Amino acid sequence: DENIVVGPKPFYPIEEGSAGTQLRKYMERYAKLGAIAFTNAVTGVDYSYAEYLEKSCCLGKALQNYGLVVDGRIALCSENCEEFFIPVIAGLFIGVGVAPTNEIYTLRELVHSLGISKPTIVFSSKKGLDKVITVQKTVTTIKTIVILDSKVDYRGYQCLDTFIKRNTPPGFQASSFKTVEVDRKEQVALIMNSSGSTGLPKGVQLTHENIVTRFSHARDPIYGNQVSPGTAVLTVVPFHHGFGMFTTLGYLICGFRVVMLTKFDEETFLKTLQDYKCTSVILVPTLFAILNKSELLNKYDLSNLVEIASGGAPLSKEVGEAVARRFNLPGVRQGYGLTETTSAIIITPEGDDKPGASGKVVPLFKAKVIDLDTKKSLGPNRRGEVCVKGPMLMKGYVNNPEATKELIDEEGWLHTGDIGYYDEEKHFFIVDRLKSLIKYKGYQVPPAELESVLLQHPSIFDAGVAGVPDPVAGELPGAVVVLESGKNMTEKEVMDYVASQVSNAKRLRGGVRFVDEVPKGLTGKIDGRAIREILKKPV
Ligand SMILES: Nc1ncnc2c1ncn2[C@@H]1O[C@H](COS(=O)(=O)NC(=O)c2csc(-c3nc4ccc(O)cc4s3)n2)[C@@H](O)[C@H]1O
Ligand SMILES: [Cl-]
Ligand SMILES: [Cl-]
C-alpha cells in the first residue's frame with residue numbers, strides 16, 4: 001500500500017540498555033564536563049548534571065532500601081519545579097514505574113489518576129500536599145508522602161533529602177550504584193495521563209523501549225536537536241505530561257541546560273531568552289500571541305534564539321509565520337504526538353520545510369490517513385483520520401482493555417482521533433480532533449480553522465470555537481472570545497469579520513460570547529463541553 005508513509009532510518013540507532021542505563025551514561029558524561037542540567041528561569045537556581053545524577057542515584061538506592069521491587073510504583077504530584085525529574089530518573093534507574101501528575105489536577109482527576117496507578121510513595125510539591133493528603137483518604141494504599149521541593153521537612157512530612165538520608169547508609173557513594181536492567185519491551189517505565197480528555201484520566205503505560213526510541217529522535221540531526229552540552233533551551237510545557245516529559249528527558253540526553261520558565265509575562269519571557277542565551281524553545285499557541293503582539297522584542301538580545309517550535313494543539317499557520325518573521329527565522333518547527341505514542345511522531349525535519357505543515361513521519365514510524373467511514377487508506381491531499389504505528393506505541397491503558405482495543409486496532413494501528421492529510425511530498429497537516437468537528441448541515445467544520453481567523457484579529461487575544469445545537473442544521477459554529485486589553489468588539493463585529501474571511505458554512509451562526517479565559521486543557525486544547533455551556537447561556 002503506497003498510501004502508507006514510512007519514516008526513515010534514524011541517524012543514531014537505538015542504543016542498548018534500559019532508559020535508565022542510557023540516561024545514566026549521558027548524565028555521567030555531562031556531569032564530568034561540569035554542565036548545568038536544570039535552571040529555574042525565575043529564581044536562577046541551578047542544578048548541575050553532577051548534582052542531579054548524584055541525587056537520582058541516591059534516591060534509587062533509597063527506594064530499594066525502602067523495599068520497592070522491580071515493577072513497583074511511585075508517583076509525583078507537582079507543578080513544574082527543577083526537582084521534578086529526580087524521582088522520574090530514580091524510578092527509571094531501578095525499574096520502578098513512575099506516575100507523574102500535576103498539582104493543578106482537580107481532586108476528582110487526582111483521586112482517579114492515583115487510584116489507577118496505585119503508587120506506594122507520592123513525591124508531592126509543597127503546593128500539592130493538601131491534595132495528596134486528601135487523595136490518600138481514598139487511595140489508602142499510598143504509604144508515604146515525600147516533599148519534593150523543600151530542603152527541610154515540611155508540615156510533618158520528610159522532604160526529599162530527608163527521605164534519601166533516612167534510607168541510605170552514611171557515606172553512600174552514588175558512583176557505586178548500578179542501574180537495573182529490565183525487559184525493555186515489556187517493563188513499564190511511566191504511567192502517564194493525557195490532557196483535554198472528555199472523561200477521567202486513563203493511565204497510559206509506556207515502556208523502556210518506548211523511551212529509548214524517543215532518545216534516538218531527540219538528538220537526531222533532522223528530527224531533533226544535536227548534542228551540544230551547555231546549550232540552553234527554554235521550556236514552558238508541563239513536566240508531568242508527555243509533551244514536557246519527553247522533550248525534557250531528550251534534552252538531558254542532549255546535554256542541554258533546561259531553562260524551566262513558569263511565568264509567561266512578556267518581560268520575564270524575553271528576559272529569560274536573553275539572559276540564559278536560549279537557542280531554542282517549543283511553545284504552545286498562546287505564547288505565540290504574546291510574541292506577535294510584543295512591542296519589547298527590540299529591547300532584548302534575542303540573537304541566540306535560532307529555533308522556535310510548537311506542539312500540543314493546533315497553531316494558526318499565519319500567527320506562526322508572523323512570529324517566525326519577527327525573529328528572522330525561516331519558520332516555526334512543530335511536533336505532533338499523543339500520550340499514547342510517548343512523544344511526537346510527526347516532526348518538522350530540519351532542511352525540509354513546508355508552510356503550515358506539522359512535519360514528517362519520525363524515524364522507525366509509519367503513518368496513514370484513513371477514510372472516516374470505510375477505514376481504508378487515502379492518497380495525498382485527502383482528509384481523514386491519522387493513524388500511526390511504531391515502537392513508541394504504548395503498552396496499553398492500565399486495567400482498561402476495552403479502551404486499548406478502541407485505540408489500537410487489530411492490525412496494530414493507533415487511531416489518533418485527529419483529522420489530517422499529507423501532501424505529495426509527505427508533509428503531514430494536522431487539522432483538529434474528529435470529536436471537535438462541527439456538524440453544520442452536511443459539513444464537518446474544524447474549530448481550529450475558525451480559531452485561526454479569530455486569533456489573527458489584532459483585538460482578539462484568544463478564542464475557542466464549538467458547535468451550538470440547532471434543530472435544522474444540527475450544530476452551528478459559535479465562538480468564545482477574549483478581547484485584548486483596551487479593545488472592544490461587539491458580537492456583530494466579530495461575526496462580520498469572520499464572515500469576510502471564511503466560507504458561508506463556517507460563519508459563526510451560533511454567535512459570540514466574551515469571556516476572561518477560553519476554557520482549555522493543560523496543553524492548550526479547547527474544552528468543547530465548556531465552550532458549548534458558555535454559548536448556551538443568554539448574554
Ligand atoms: N502539533 C500539533 N498540532 C495539532 N494538534 C496537536 C499537536 N500536537 C498534539 N496535538 C493534539 O493533542 C492530542 C494529544 O494530546 S495528548 O494526549 O495530551 N498528548 C500530546 O499533546 C502530546 C504528547 S507528546 C507531545 C509532543 N511532543 C513533542 C516533542 C517535540 C515537539 O517539537 C513537539 C511535541 S508535541 N504532545 C492529539 O491527538 C492532537 O489532537
Ligand atoms: Cl489540553
Ligand atoms: Cl487537562
# chains A, B, ... in the order shown; residues from 1 in each chain; ligands from 1
>>> select_by_dssp(residues="stretch 96-128 of chain A", states="strand (DSSP E)", output="list in words")
residues 97, 98, 99, 100, 101, 121, 122, 123 and 124 of chain A
>>> write_last_selection(atoms="N, CA, C and O atoms", output="PDB file, in the first residue's frame")
ATOM      1  N   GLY A  97       8.052   1.744  38.201  1.00  0.00           N
ATOM      2  CA  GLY A  97       7.213   2.605  37.377  1.00  0.00           C
ATOM      3  C   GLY A  97       6.882   3.898  38.083  1.00  0.00           C
ATOM      4  O   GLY A  97       6.654   3.903  39.291  1.00  0.00           O
ATOM      5  N   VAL A  98       6.875   4.984  37.315  1.00  0.00           N
ATOM      6  CA  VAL A  98       6.629   6.327  37.839  1.00  0.00           C
ATOM      7  C   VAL A  98       5.392   6.928  37.194  1.00  0.00           C
ATOM      8  O   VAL A  98       5.264   6.937  35.981  1.00  0.00           O
ATOM      9  N   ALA A  99       4.482   7.419  38.029  1.00  0.00           N
ATOM     10  CA  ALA A  99       3.206   8.009  37.602  1.00  0.00           C
ATOM     11  C   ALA A  99       3.217   9.509  37.884  1.00  0.00           C
ATOM     12  O   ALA A  99       2.944   9.932  39.013  1.00  0.00           O
ATOM     13  N   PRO A 100       3.541  10.339  36.891  1.00  0.00           N
ATOM     14  CA  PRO A 100       3.548  11.790  37.126  1.00  0.00           C
ATOM     15  C   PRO A 100       2.154  12.428  37.079  1.00  0.00           C
ATOM     16  O   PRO A 100       1.357  12.123  36.164  1.00  0.00           O
ATOM     17  N   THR A 101       1.893  13.324  38.025  1.00  0.00           N
ATOM     18  CA  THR A 101       0.684  14.148  37.996  1.00  0.00           C
ATOM     19  C   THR A 101       1.071  15.563  38.371  1.00  0.00           C
ATOM     20  O   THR A 101       2.173  15.795  38.875  1.00  0.00           O
ATOM     21  N   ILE A 121       4.559   5.426  47.151  1.00  0.00           N
ATOM     22  CA  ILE A 121       5.084   6.708  47.626  1.00  0.00           C
ATOM     23  C   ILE A 121       4.673   7.772  46.634  1.00  0.00           C
ATOM     24  O   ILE A 121       4.778   7.537  45.421  1.00  0.00           O
ATOM     25  N   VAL A 122       4.227   8.920  47.149  1.00  0.00           N
ATOM     26  CA  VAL A 122       3.992  10.084  46.300  1.00  0.00           C
ATOM     27  C   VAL A 122       4.985  11.182  46.680  1.00  0.00           C
ATOM     28  O   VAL A 122       5.103  11.557  47.853  1.00  0.00           O
ATOM     29  N   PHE A 123       5.703  11.675  45.673  1.00  0.00           N
ATOM     30  CA  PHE A 123       6.582  12.839  45.809  1.00  0.00           C
ATOM     31  C   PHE A 123       5.761  14.066  45.455  1.00  0.00           C
ATOM     32  O   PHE A 123       5.447  14.288  44.289  1.00  0.00           O
ATOM     33  N   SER A 124       5.361  14.818  46.483  1.00  0.00           N
ATOM     34  CA  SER A 124       4.444  15.951  46.334  1.00  0.00           C
ATOM     35  C   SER A 124       5.191  17.261  46.469  1.00  0.00           C
ATOM     36  O   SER A 124       6.071  17.393  47.314  1.00  0.00           O
TER      37      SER A 124
END
>>> residues_near_ligand(ligand="ligand 3", cutoff="7 Å", atoms="only C-alpha atoms and all ligand atoms", output="short mmCIF file (atom, residue, chain, number, x, y, z; two decimals) with N, CA and C atoms, in the first residue's frame")
data_model
loop_
_atom_site.label_atom_id
_atom_site.label_comp_id
_atom_site.auth_asym_id
_atom_site.auth_seq_id
_atom_site.Cartn_x
_atom_site.Cartn_y
_atom_site.Cartn_z
N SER A 195 -3.95 15.17 28.51
CA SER A 195 -4.71 16.37 28.84
C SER A 195 -5.89 16.50 27.89
N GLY A 196 -6.90 17.24 28.34
CA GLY A 196 -8.05 17.55 27.49
C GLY A 196 -8.99 16.39 27.19
N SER A 197 -8.89 15.30 27.94
CA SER A 197 -9.84 14.20 27.82
C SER A 197 -11.25 14.66 28.23
N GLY A 521 -7.51 22.74 28.12
CA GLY A 521 -6.78 21.82 28.98
C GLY A 521 -5.34 22.26 29.19
N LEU A 522 -4.56 21.40 29.86
CA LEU A 522 -3.22 21.75 30.33
C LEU A 522 -2.20 21.95 29.22
N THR A 523 -2.48 21.43 28.02
CA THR A 523 -1.58 21.68 26.89
C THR A 523 -2.29 22.37 25.72
#
>>> residues_near_ligand(ligand="ligand 2", cutoff="12 Å", atoms="only C-alpha atoms and all ligand atoms", output="ChimeraX atom specification")
/A:193-198,237-238,241-243,284-285,311-314,338-339,433,518-528
>>> write_last_selection(atoms="C-alpha atoms", output="PDB file, in the first residue's frame")
ATOM      1  CA  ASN A 193      -2.150  10.998  31.726  1.00  0.00           C
ATOM      2  CA  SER A 194      -3.261  12.881  28.629  1.00  0.00           C
ATOM      3  CA  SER A 195      -4.711  16.365  28.841  1.00  0.00           C
ATOM      4  CA  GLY A 196      -8.052  17.545  27.493  1.00  0.00           C
ATOM      5  CA  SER A 197      -9.844  14.198  27.817  1.00  0.00           C
ATOM      6  CA  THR A 198     -13.647  14.441  27.909  1.00  0.00           C
ATOM      7  CA  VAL A 237       5.343  22.905  28.958  1.00  0.00           C
ATOM      8  CA  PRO A 238       4.064  20.819  31.904  1.00  0.00           C
ATOM      9  CA  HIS A 241       2.622  15.479  30.697  1.00  0.00           C
ATOM     10  CA  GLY A 242       4.167  13.559  27.772  1.00  0.00           C
ATOM     11  CA  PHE A 243       4.959  16.814  25.984  1.00  0.00           C
ATOM     12  CA  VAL A 284       2.158  26.277  22.852  1.00  0.00           C
ATOM     13  CA  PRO A 285      -0.053  28.514  20.652  1.00  0.00           C
ATOM     14  CA  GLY A 311       3.217  21.353  19.819  1.00  0.00           C
ATOM     15  CA  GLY A 312       0.234  20.045  21.768  1.00  0.00           C
ATOM     16  CA  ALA A 313      -2.514  21.947  19.954  1.00  0.00           C
ATOM     17  CA  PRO A 314      -3.298  23.486  16.548  1.00  0.00           C
ATOM     18  CA  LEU A 338      -0.190  11.739  21.755  1.00  0.00           C
ATOM     19  CA  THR A 339       0.438  10.486  25.270  1.00  0.00           C
ATOM     20  CA  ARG A 433      -9.753  16.474  16.565  1.00  0.00           C
ATOM     21  CA  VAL A 518     -11.042  30.475  26.959  1.00  0.00           C
ATOM     22  CA  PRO A 519     -11.603  27.028  28.565  1.00  0.00           C
ATOM     23  CA  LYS A 520      -8.670  24.802  27.617  1.00  0.00           C
ATOM     24  CA  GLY A 521      -6.781  21.823  28.984  1.00  0.00           C
ATOM     25  CA  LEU A 522      -3.218  21.747  30.329  1.00  0.00           C
ATOM     26  CA  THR A 523      -1.584  21.681  26.886  1.00  0.00           C
ATOM     27  CA  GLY A 524      -3.816  24.155  25.093  1.00  0.00           C
ATOM     28  CA  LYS A 525      -6.617  22.066  23.543  1.00  0.00           C
ATOM     29  CA  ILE A 526     -10.056  23.679  23.537  1.00  0.00           C
ATOM     30  CA  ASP A 527     -12.582  22.385  26.065  1.00  0.00           C
ATOM     31  CA  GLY A 528     -15.572  21.874  23.764  1.00  0.00           C
TER      32      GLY A 528
END
>>> residues_around(residues="stretch 353-360 of chain A", least_positions_apart="6", cutoff="7 Å", atoms="only C-alpha atoms", output="JSON list (two decimals) with N, CA and C atoms, in the first residue's frame")
[["chain", "number", "residue", "atom", "x", "y", "z"],
["A", 317, "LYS", "N", -1.44, 28.90, 11.22],
["A", 317, "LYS", "CA", -0.33, 29.00, 10.28],
["A", 317, "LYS", "C", 0.18, 30.44, 10.20],
["A", 334, "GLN", "N", 7.66, 22.14, 14.35],
["A", 334, "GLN", "CA", 6.49, 21.60, 15.00],
["A", 334, "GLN", "C", 6.68, 20.14, 15.29],
["A", 335, "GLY", "N", 6.02, 19.69, 16.36],
["A", 335, "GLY", "CA", 5.88, 18.28, 16.65],
["A", 335, "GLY", "C", 4.44, 17.97, 17.03],
["A", 336, "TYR", "N", 4.01, 16.78, 16.65],
["A", 336, "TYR", "CA", 2.67, 16.29, 16.92],
["A", 336, "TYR", "C", 2.78, 14.89, 17.47],
["A", 346, "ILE", "N", 5.25, 12.94, 14.38],
["A", 346, "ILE", "CA", 5.38, 13.75, 13.18],
["A", 346, "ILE", "C", 6.10, 15.01, 13.64],
["A", 347, "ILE", "N", 7.23, 15.31, 13.00],
["A", 347, "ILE", "CA", 8.09, 16.43, 13.41],
["A", 347, "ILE", "C", 8.62, 17.10, 12.14],
["A", 426, "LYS", "N", 4.84, 14.29, 1.24],
["A", 426, "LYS", "CA", 4.66, 13.55, 2.50],
["A", 426, "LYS", "C", 4.72, 14.44, 3.74],
["A", 427, "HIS", "N", 4.58, 15.75, 3.56],
["A", 427, "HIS", "CA", 4.34, 16.61, 4.73],
["A", 427, "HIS", "C", 2.92, 16.39, 5.25],
["A", 428, "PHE", "N", 2.81, 16.15, 6.55],
["A", 428, "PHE", "CA", 1.52, 15.97, 7.21],
["A", 428, "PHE", "C", 1.00, 17.27, 7.78],
["A", 429, "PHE", "N", -0.32, 17.44, 7.69],
["A", 429, "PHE", "CA", -1.03, 18.60, 8.23],
["A", 429, "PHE", "C", -2.09, 18.07, 9.18],
["A", 430, "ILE", "N", -1.99, 18.42, 10.46],
["A", 430, "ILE", "CA", -2.99, 18.04, 11.45],
["A", 430, "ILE", "C", -3.97, 19.19, 11.59]]
>>> select_by_dssp(residues="stretch 335-407 of chain A", states="alpha helix (DSSP H)", output="PyMOL selection string")
chain A and resi 401-407
>>> write_last_selection(atoms="N, CA, C and O atoms", output="short mmCIF file (atom, residue, chain, number, x, y, z; two decimals), in the first residue's frame")
data_model
loop_
_atom_site.label_atom_id
_atom_site.label_comp_id
_atom_site.auth_asym_id
_atom_site.auth_seq_id
_atom_site.Cartn_x
_atom_site.Cartn_y
_atom_site.Cartn_z
N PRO A 401 -8.78 -2.75 29.09
CA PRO A 401 -8.59 -3.43 27.80
C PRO A 401 -9.54 -2.92 26.71
O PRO A 401 -9.13 -2.89 25.55
N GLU A 402 -10.76 -2.53 27.08
CA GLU A 402 -11.71 -2.01 26.09
C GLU A 402 -11.20 -0.73 25.43
O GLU A 402 -11.27 -0.58 24.22
N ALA A 403 -10.69 0.20 26.24
CA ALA A 403 -10.16 1.46 25.70
C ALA A 403 -8.92 1.21 24.84
O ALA A 403 -8.75 1.84 23.80
N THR A 404 -8.10 0.25 25.25
CA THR A 404 -6.92 -0.11 24.47
C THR A 404 -7.32 -0.63 23.09
O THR A 404 -6.77 -0.19 22.09
N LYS A 405 -8.31 -1.52 23.07
CA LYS A 405 -8.85 -2.09 21.83
C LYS A 405 -9.45 -1.05 20.90
O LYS A 405 -9.35 -1.17 19.67
N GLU A 406 -10.10 -0.04 21.48
CA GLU A 406 -10.71 1.02 20.69
C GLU A 406 -9.66 1.90 20.01
O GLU A 406 -9.86 2.36 18.88
N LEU A 407 -8.53 2.11 20.69
CA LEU A 407 -7.47 2.97 20.19
C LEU A 407 -6.52 2.29 19.21
O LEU A 407 -6.14 2.88 18.20
#
>>> residues_around(residues="residue A:322", least_positions_apart="6", cutoff="12 Å", atoms="only C-alpha atoms", output="PyMOL selection string")
chain A and resi 288-294+315-316+328-332+355+456
>>> write_last_selection(atoms="N, CA, C and O atoms", output="PDB file, in the first residue's frame")
ATOM      1  N   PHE A 288       2.571  32.239  21.354  1.00  0.00           N
ATOM      2  CA  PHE A 288       2.777  32.914  20.079  1.00  0.00           C
ATOM      3  C   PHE A 288       2.042  34.239  20.018  1.00  0.00           C
ATOM      4  O   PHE A 288       2.524  35.188  19.395  1.00  0.00           O
ATOM      5  N   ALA A 289       0.875  34.304  20.659  1.00  0.00           N
ATOM      6  CA  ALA A 289       0.084  35.528  20.724  1.00  0.00           C
ATOM      7  C   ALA A 289       0.867  36.630  21.430  1.00  0.00           C
ATOM      8  O   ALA A 289       0.853  37.787  20.988  1.00  0.00           O
ATOM      9  N   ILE A 290       1.559  36.265  22.514  1.00  0.00           N
ATOM     10  CA  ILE A 290       2.383  37.210  23.266  1.00  0.00           C
ATOM     11  C   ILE A 290       3.505  37.762  22.389  1.00  0.00           C
ATOM     12  O   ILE A 290       3.731  38.973  22.338  1.00  0.00           O
ATOM     13  N   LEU A 291       4.192  36.865  21.694  1.00  0.00           N
ATOM     14  CA  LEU A 291       5.321  37.242  20.857  1.00  0.00           C
ATOM     15  C   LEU A 291       4.912  38.058  19.625  1.00  0.00           C
ATOM     16  O   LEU A 291       5.641  38.958  19.220  1.00  0.00           O
ATOM     17  N   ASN A 292       3.763  37.745  19.030  1.00  0.00           N
ATOM     18  CA  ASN A 292       3.282  38.506  17.877  1.00  0.00           C
ATOM     19  C   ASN A 292       2.905  39.948  18.232  1.00  0.00           C
ATOM     20  O   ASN A 292       3.093  40.863  17.422  1.00  0.00           O
ATOM     21  N   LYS A 293       2.387  40.152  19.444  1.00  0.00           N
ATOM     22  CA  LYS A 293       1.910  41.454  19.887  1.00  0.00           C
ATOM     23  C   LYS A 293       2.988  42.310  20.545  1.00  0.00           C
ATOM     24  O   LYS A 293       2.835  43.526  20.648  1.00  0.00           O
ATOM     25  N   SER A 294       4.071  41.693  21.002  1.00  0.00           N
ATOM     26  CA  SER A 294       5.048  42.408  21.832  1.00  0.00           C
ATOM     27  C   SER A 294       5.658  43.636  21.167  1.00  0.00           C
ATOM     28  O   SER A 294       6.050  43.599  20.001  1.00  0.00           O
ATOM     29  N   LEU A 315      -1.752  25.182  15.772  1.00  0.00           N
ATOM     30  CA  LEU A 315      -1.164  26.512  15.682  1.00  0.00           C
ATOM     31  C   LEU A 315      -1.664  27.179  14.405  1.00  0.00           C
ATOM     32  O   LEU A 315      -1.562  26.593  13.340  1.00  0.00           O
ATOM     33  N   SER A 316      -2.210  28.385  14.532  1.00  0.00           N
ATOM     34  CA  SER A 316      -2.586  29.171  13.359  1.00  0.00           C
ATOM     35  C   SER A 316      -1.351  29.356  12.466  1.00  0.00           C
ATOM     36  O   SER A 316      -0.327  29.908  12.916  1.00  0.00           O
ATOM     37  N   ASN A 328      13.244  36.633  12.570  1.00  0.00           N
ATOM     38  CA  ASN A 328      14.077  36.401  11.393  1.00  0.00           C
ATOM     39  C   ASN A 328      14.462  34.927  11.214  1.00  0.00           C
ATOM     40  O   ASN A 328      15.573  34.601  10.775  1.00  0.00           O
ATOM     41  N   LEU A 329      13.519  34.049  11.549  1.00  0.00           N
ATOM     42  CA  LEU A 329      13.689  32.610  11.373  1.00  0.00           C
ATOM     43  C   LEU A 329      12.916  32.123  10.149  1.00  0.00           C
ATOM     44  O   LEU A 329      11.870  32.685   9.830  1.00  0.00           O
ATOM     45  N   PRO A 330      13.422  31.112   9.441  1.00  0.00           N
ATOM     46  CA  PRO A 330      12.701  30.571   8.278  1.00  0.00           C
ATOM     47  C   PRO A 330      11.252  30.175   8.588  1.00  0.00           C
ATOM     48  O   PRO A 330      10.357  30.458   7.796  1.00  0.00           O
ATOM     49  N   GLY A 331      11.024  29.552   9.734  1.00  0.00           N
ATOM     50  CA  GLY A 331       9.698  29.084  10.078  1.00  0.00           C
ATOM     51  C   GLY A 331       9.685  28.494  11.466  1.00  0.00           C
ATOM     52  O   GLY A 331      10.733  28.359  12.101  1.00  0.00           O
ATOM     53  N   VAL A 332       8.491  28.162  11.936  1.00  0.00           N
ATOM     54  CA  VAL A 332       8.281  27.500  13.214  1.00  0.00           C
ATOM     55  C   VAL A 332       8.399  25.992  13.003  1.00  0.00           C
ATOM     56  O   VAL A 332       7.771  25.416  12.104  1.00  0.00           O
ATOM     57  N   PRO A 355       5.222  25.379   4.323  1.00  0.00           N
ATOM     58  CA  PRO A 355       4.320  26.288   5.045  1.00  0.00           C
ATOM     59  C   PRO A 355       3.082  25.581   5.616  1.00  0.00           C
ATOM     60  O   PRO A 355       2.378  24.874   4.891  1.00  0.00           O
ATOM     61  N   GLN A 456      -6.080  35.865  14.478  1.00  0.00           N
ATOM     62  CA  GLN A 456      -5.406  36.817  13.598  1.00  0.00           C
ATOM     63  C   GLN A 456      -5.919  38.244  13.745  1.00  0.00           C
ATOM     64  O   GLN A 456      -5.263  39.185  13.282  1.00  0.00           O
TER      65      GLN A 456
END
>>> atom_distance(atom1="atom CA of residue A:470", atom2="atom CA of residue A:502")
20.6 Å
>>> closest_residue(among="A:381, A:298, A:444, A:342", to="ligand 1", atoms="only C-alpha atoms and all ligand atoms")
A:342
